[PDB]
Amino acid sequence: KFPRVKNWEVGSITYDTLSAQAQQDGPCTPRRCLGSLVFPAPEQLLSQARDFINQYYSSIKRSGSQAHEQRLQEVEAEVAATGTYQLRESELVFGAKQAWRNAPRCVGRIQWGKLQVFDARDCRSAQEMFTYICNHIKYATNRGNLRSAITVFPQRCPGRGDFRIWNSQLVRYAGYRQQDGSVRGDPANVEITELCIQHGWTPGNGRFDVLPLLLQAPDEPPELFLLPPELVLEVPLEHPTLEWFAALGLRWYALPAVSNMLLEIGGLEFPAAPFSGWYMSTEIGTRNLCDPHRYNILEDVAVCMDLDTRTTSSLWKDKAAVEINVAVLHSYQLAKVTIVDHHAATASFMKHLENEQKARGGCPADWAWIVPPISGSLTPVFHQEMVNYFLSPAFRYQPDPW
Amino acid sequence: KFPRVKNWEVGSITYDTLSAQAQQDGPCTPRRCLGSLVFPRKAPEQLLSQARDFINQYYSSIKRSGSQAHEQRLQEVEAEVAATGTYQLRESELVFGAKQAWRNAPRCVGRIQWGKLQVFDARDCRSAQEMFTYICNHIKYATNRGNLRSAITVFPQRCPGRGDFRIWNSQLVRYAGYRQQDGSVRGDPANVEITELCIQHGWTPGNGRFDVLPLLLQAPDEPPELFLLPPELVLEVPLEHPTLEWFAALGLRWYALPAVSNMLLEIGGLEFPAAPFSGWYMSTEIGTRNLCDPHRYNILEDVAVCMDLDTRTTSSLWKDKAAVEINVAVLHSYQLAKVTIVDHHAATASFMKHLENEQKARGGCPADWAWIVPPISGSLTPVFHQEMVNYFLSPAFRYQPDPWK
Ligand code: HEM
Ligand code: HEM
Ligand SMILES: N=C(Nc1cccc(CNCCc2ccc(-c3ccccc3)cc2CN)c1)c1ccco1
Ligand SMILES: N=C(Nc1cccc(CNCCc2ccc(-c3ccccc3)cc2CN)c1)c1ccco1
Ligand SMILES: C[C@H](O)[C@H](O)[C@H]1CNc2nc(N)[nH]c(=O)c2N1
Ligand SMILES: C[C@H](O)[C@H](O)[C@H]1CNc2nc(N)[nH]c(=O)c2N1
Ligand SMILES: [Cl-]
Ligand SMILES: [Cl-]
Ligand SMILES: [Gd]
Ligand SMILES: [Gd]
Ligand SMILES: [Zn+2]
């Protein structure tokens, strides 16, 4: 049947009819659920291309029109002639927005219709890739008034290497392996930091050293590019009432610009299509700064707050985490950099689910990722049953290029 | 092959081979995951296969696989099923099966304790009055003046020709929820339906926020019978906060003993529709879900206003701050009352140890990530960073239909 989906806070029931159109298989079976796991031929391409073109023409209310038929014939004729095809720019924009819309782990999808799409499919060199990336960062950052954007580099094609951005985000802090095995800076980025050093980057020795970009043009080794510091907007973290918090020297960057995912549209694959929006504050204050395998600053802050750190039942961890999240929100607002707290974001996502139920009959959503990492059940999404499935166009994980 | 399971905090990787023994289907398919749904679902040769599997589990657990006793029990069960359509557990098997069902429960974070369970054999029970006796003795034993002891009381199994024993209440201790004319609820909205059933069956209702409900106890083929718990049996904890002195004036309280009474215990193909079990609370159950859920007592905004927090904008994180202090109050108050309680940090740390133990003992552990991760401070706990595999093993505790529907 269609899954029955309940909201336990309100008692409201929906049926996800959209899931019946799920393209690819996920990791679960009737025997066991793997929903919590982080990492789950012209005929085939033409089949995906036709489904996408049909999708697009349905969305603009032109199904079965002459333009629809003409576009299908164009795609068939191009695949027959070349083994691949080119998206019209309107289709690329639609495809990128749909891939965002379809992303089950994105709580920010209320924004999905508002996406600046930079068409870099004419890109030829890593140097030009860098210029596109800087223009993206400048546009999206917008002096702190963040604007969602994606830059689409040339698609994958047979007999030619991919464009790749080796960095997982356009802005990443270095992580330096110390002699005793610990990390200075961001442990998430030890591997890319060492790759940057291997390719000729002179490392810093700070906790928040912005990494250079490793940009790979087809069939070339990656090339190192330094981001101009004026392009990388950062927010020093301070707290509204804990005056010592600023002295901790914590900071984060304004622009979450994810650069290692593959964008798939109509069977075409764009291995370099960095996209950016703005942060939800728990990403910074809870995960990046408090994860034990990231900056792991929770106990430092708890020491500064004079909390009792050797009984768990004092909830010192929870109190310290809240004040770090408060500091993130306060600091981005003070700096006039767009940020959304986890209450506002989850409330907007509930509105999104409602919109999508009416628009498409459901919404693929990954509960474990949508529910924020603090205050889970204080947010409405905790009480919302969700159905997780894969629709295309999509953003996919892909192997690291090295 | 077997699911590869990663802990992202440590980077350690295991394979859940136990999942290959999953005995029932869950709700997910390769096309879509339904892991976040609360309620996923809903003979002689099938009974024998489940019985043989269970007997094999039992004899393996005591390291007597292949013994004459093992073979005799298999033959006896097969003969009993052939002759009577069913069979009876030996007392030792019942104890093992109850503990296994707890061990197998994917949504239970407290399973480090699974070997420590007092099993009361009430399979000789004959009436609702006798059910009440067993229940009162369970509550008394389990409460233990606040030094809580995990226990289960197993009433007679389902059997053809005879209705079931059922406890209609979802827990042995529940606060009444009284629907008001404006649609609001006085008391616990979770219990509106059982409250109305108690009233329909002759209970004179209170009008408080924390009125302990009577028990509706159903003997086979009888309408349910109403029993009031002696108030001295029901240990309760008044809630205060160590530094927010007005908090005590909220008049909030909760009960000591979580005693779940509406789940079905399945052991070796046998079904025990009345098998209430109790342990102790994890503090987030009370302080985060029961008190702060918008559809439960919903106290968050009133606490936040009394804390003088700015409730006009969400980015002050007033909800988070108020919820933390409510959880502090629960922990402080139970400790002050000398009633066993575990905070979510301690509980999840112990569950990580349990996962480690079970990897070695059985090659895996069925776990429901969405239920194991606490409802506040999720990623501050180790379980958030632990990938989990959810699957159904038997013996098991299962949901079952309400007996009035
Ligand atoms: C506009 C504001 C946005 C907000 C507040 C937001 C929020 C988030 C958050 C909190 C996550 C989880 C990330 C993590 O935990 O690591 C996420 C995931 C994701 N976002 Fe959004 N997002 C926004 C815009 C966008 C845009 C513009 C795109 C693409 C066009 C996008 C695509 C995705 C994808 C594909 C994921 C899944 C990543 C994965 O599976 O690892 N998001 N988003
Ligand atoms: C000893 C201390 C224990 C602690 C701290 C504990 C903790 C928990 C918690 C926090 C939940 C989630 C409940 C909810 O959110 O509604 C749970 C569920 C569960 N517990 Fe445990 N538990 C304990 C003992 C037991 C015992 C003794 C049994 C049975 C013999 C048991 C069986 C279960 C089952 C079957 C569930 C799943 C309920 C469902 O699926 O709705 N637990 N436990
Ligand atoms: N607002 C936003 N955010 C956002 C959205 C999508 C993806 C991400 C980044 N997702 C990172 C997931 C991750 C986290 C930690 C580790 C890691 C690995 C090794 C050691 C320690 C940590 C690895 C990964 C990727 N597998 C952020 C945003 C970005 C663009 C638009 O909106
Ligand atoms: N420590 C323990 N705890 C625990 C363990 C298992 C089960 C439960 C109770 N599980 C409650 C689930 C629930 C929550 C809210 C509603 C509800 C329904 C309608 C409106 C509002 C709320 C309904 C249900 C039952 N489906 C507690 C414990 C009990 C026994 C041993 O250990
Ligand atoms: C193991 C577990 O899936 C992992 O820790 C997940 C849980 N939920 C998440 N949710 C978000 N938004 N981001 C994450 O990285 C994760 N990590
Ligand atoms: C919709 C969602 O499944 C529901 O709110 C779940 C989430 N996780 C939970 N986790 C626990 N421990 N208890 C619950 O009742 C729930 N409820
Ligand atoms: Cl990030
Ligand atoms: Cl409860
Ligand atoms: Gd000091
Ligand atoms: Gd005070
Ligand atoms: Zn699943």
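Here chain A follows Swiss-Prot, giving residues 67-106, 119-480 in order.
Method of determination (from the header): X-ray crystallography, 1.7 Å.
The backbone N, Cα and C atoms fix where each Cβ goes, and this holds for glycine too.
Copied over from Swiss-Prot, here are the features:
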BINDING   A:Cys94, A:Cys99  Zn(2+) binding site
BINDING   A:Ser102, A:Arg365, A:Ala446, A:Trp447, A:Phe460  (6R)-L-erythro-5,6,7,8-tetrahydrobiopterin binding site
BINDING   A:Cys184, A:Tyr475  heme b binding site
BINDING   A:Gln247, A:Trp356, A:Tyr357, A:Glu361, A:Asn366  L-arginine binding site
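Everything Swiss-Prot records as a feature, shown here on the structure.
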{"residue": "A:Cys94", "record": "Zn(2+) binding site", "DSSP class": "coil"}
{"residue": "A:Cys99", "record": "Zn(2+) binding site", "DSSP class": "strand"}
{"residue": "A:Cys184", "record": "heme b binding site", "DSSP class": "coil"}
{"residue": "A:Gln247", "record": "L-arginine binding site", "DSSP class": "strand"}
{"residue": "A:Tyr357", "record": "L-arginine binding site", "DSSP class": "strand"}
{"residue": "A:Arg365", "record": "(6R)-L-erythro-5,6,7,8-tetrahydrobiopterin binding site", "DSSP class": "helix"}
{"residue": "A:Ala446", "record": "(6R)-L-erythro-5,6,7,8-tetrahydrobiopterin binding site", "DSSP class": "helix"}
{"residue": "A:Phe460", "record": "(6R)-L-erythro-5,6,7,8-tetrahydrobiopterin binding site", "DSSP class": "helix"}
{"residue": "A:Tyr475", "record": "heme b binding site", "DSSP class": "coil"}
Considering only the binding-site residues A:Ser102, A:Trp356, A:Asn366, which possess a Cβ situated under 6 angstroms from at least one atom of ligand 5? A:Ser102
Just give me the nearest neighbour of A:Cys99 (Zn(2+) binding site) among the binding-site residues A:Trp356, A:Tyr357, A:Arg365, A:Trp447, Cα to Cα. A:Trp447
Please identify, among the binding-site residues A:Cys94, A:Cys184, A:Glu361, A:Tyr475, the one with the smallest Cα-Cα distance to A:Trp447 ((6R)-L-erythro-5,6,7,8-tetrahydrobiopterin binding site). A:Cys184
Cα of A:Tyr357 (L-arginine binding site) to Cα of A:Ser102 ((6R)-L-erythro-5,6,7,8-tetrahydrobiopterin binding site), in Å and rounded, measures 23
Check each of the binding-site residues A:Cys94, A:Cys99, A:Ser102, A:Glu361, A:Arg365, A:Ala446 and report back the ones whose Cβ is under 8 Å from some Cβ of chain B. A:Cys94, A:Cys99, A:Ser102, A:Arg365, A:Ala446
One would quote the Cα-Cα distance in Å spanning the 12-residue unmodelled segment from A:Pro106 to A:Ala119, in whole numbers, as 25
Alpha-carbon distance [A:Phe460 ((6R)-L-erythro-5,6,7,8-tetrahydrobiopterin binding site); A:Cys184 (heme b binding site)] in Å: 15
So which binding-site residues out of A:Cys94, A:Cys99, A:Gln247, A:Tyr357, A:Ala446 are up against ligand 11, CB under 6 A? A:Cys94, A:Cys99
Among binding-site residues A:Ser102, A:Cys184, A:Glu361, A:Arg365, close to ligand 7 by Cβ (under 6 Å) are A:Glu361
CB-centroid shell, 8 A cutoff, L-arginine site A:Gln247, A:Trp356, A:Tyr357, A:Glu361, A:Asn366, site residues removed: A:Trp330, A:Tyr331, A:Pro334, A:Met358, A:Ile362
Of the binding-site residues A:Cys94, A:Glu361, A:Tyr475, which one sits closest to A:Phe460 ((6R)-L-erythro-5,6,7,8-tetrahydrobiopterin binding site) when you measure Cα to Cα? A:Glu361
If you rank the binding-site residues A:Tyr357, A:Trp447 by how many other Cβ atoms lie within 10 Å of their Cβ, the lowest count goes to A:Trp447
May I ask for the distance between A:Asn366 (L-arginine binding site) and A:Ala446 ((6R)-L-erythro-5,6,7,8-tetrahydrobiopterin binding site), taken between their Cα atoms and rounded to an integer number of Å? 17
Which of A:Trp356, A:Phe460, A:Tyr475, all binding-site residues, has a Cβ with the fewest other Cβ atoms inside 10 Å: A:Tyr475
Look at the binding-site residues A:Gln247, A:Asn366 and tell me which residue has the greatest number of other C-beta atoms within 10 angstroms of its C-beta. A:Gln247
Candidates A:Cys94, A:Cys99, A:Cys184, A:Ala446 (binding-site residues); min other-Cβ count within 10 Å returns A:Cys184
Of all the binding-site residues here, A:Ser102, A:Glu361, which one's CB has the most other CB atoms within 10 A? A:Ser102
Roughly how many Å lie between the Cα atoms of A:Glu361 (L-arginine binding site) and A:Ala446 ((6R)-L-erythro-5,6,7,8-tetrahydrobiopterin binding site), rounded to a whole value? 14
